[PDB]
Each structure stands twice: as structure tokens, then as C-alpha cells.
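Enquirer: A structural model of the following input is requested.
(one chain, ligands or ions: 2)
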Amino acid sequence: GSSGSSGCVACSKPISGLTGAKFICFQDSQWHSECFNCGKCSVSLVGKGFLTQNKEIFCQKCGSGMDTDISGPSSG
Ligand SMILES: [Zn+2]
Ligand SMILES: [Zn+2]
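Expert: Numbers count the residues shown, from 1 in each chain. Ligands and ions are numbered 1, 2, ... in the order given. Please find the structure below.
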């Protein structure tokens, strides 16, 4: 996206380019190590495998899309 610059999606600070910092590039957006985590709990996703549903980033346990039943997790 050559139209402008940006900062860490999680804090908007300007990333120190390729100066040697530890960063992640997901969907061309910028994330820092300390800012890469499960949206539902904040556990660091740096190391562990992450999940992506509804464009959101979650941990395995939280994103466990178990095909339990077609009723239960709804108003009933
Ligand atoms: Zn940050
Ligand atoms: Zn979680």
C-alpha cells in the first residue's frame, strides 16, 4: 500500500523498519512480538500456532470449532 505509512496495528507506533526489531507481517499489516496474541485472552501467539476466523486472530483452544451440535451456543 504505497499511498502512506502506518504503525503496529495493536498500538500505532512506527515500527523501526528493518533495524533488527522482532515483528510479524500478517495481511501486510504490522504487529510486534509483545502485541501478537489471542484477542479473547491476550496469550502470546509468538511460537504457538494461531487460528484465523471472521478475520480475527485467536488461540487453538478458543478457536476450537468443534462440530458439537446445531443448537446450544445460541438463545435456547
Ligand atoms: Zn506494539
Ligand atoms: Zn485464548
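
Enquirer: Just confirm residue 34 is within a helix.
Expert: Yes: Residue 34: assigned to a helix according to DSSP: H, G, I helix; E, B strand; the rest coil.

Enquirer: Now do the contacts for the nearest residue to it once chain neighbours are set aside.
Expert: Leaving aside its chain neighbours, residue 34 sits nearest to residue 44 (7.7 Å; criterion: CB to CB, 6 or more residues apart in numbering). Yep, even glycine has a C-beta here, placed from its N, CA and C like the rest. The contact partners of residue 44, taken as CB atoms under 8 Å, 6 or more residues apart in numbering, are 33, 34, 36, 37.

Enquirer: Also residue 1?
Expert: By CB under 8 Å, 6+ apart, residue 1 lies in contact with residue 28.

Enquirer: how close does residue 38 sit to ligand 1?
Expert: Distance, residue 38 to ligand 1, by CB to the ion, to the nearest Å: 16 Å.

Enquirer: pretty sure that residue is in contact with residue 59, am I right?
Expert: Yes: using CB atoms under 8 Å, residue 38 is in contact with residue 59, at 3.8 Å.

Enquirer: Identify the contacts common to those two.
Expert: Jointly contacting residue 38 and residue 59 under the rule CB under 8 Å, 6+ apart are 45, 50.

Enquirer: what about residue 43, how many residues close to it?
Expert: Residues near residue 43, counting by other CB atoms under 10 Å, number 13.

Enquirer: go on, residue 31?
Expert: Applying other CB under 10 Å, I find that residue 31 has 21 neighbouring residues.

Enquirer: What helices and strands are in contact with the helix or strand it falls within?
Expert: Using DSSP states H and E, residue 31 sits within strand 29-32. Under the contact criterion of 3 or more CB pairs under 8 Å, 6 or more residues apart in numbering; DSSP states H and E, strand 29-32 touches strand 23-26.
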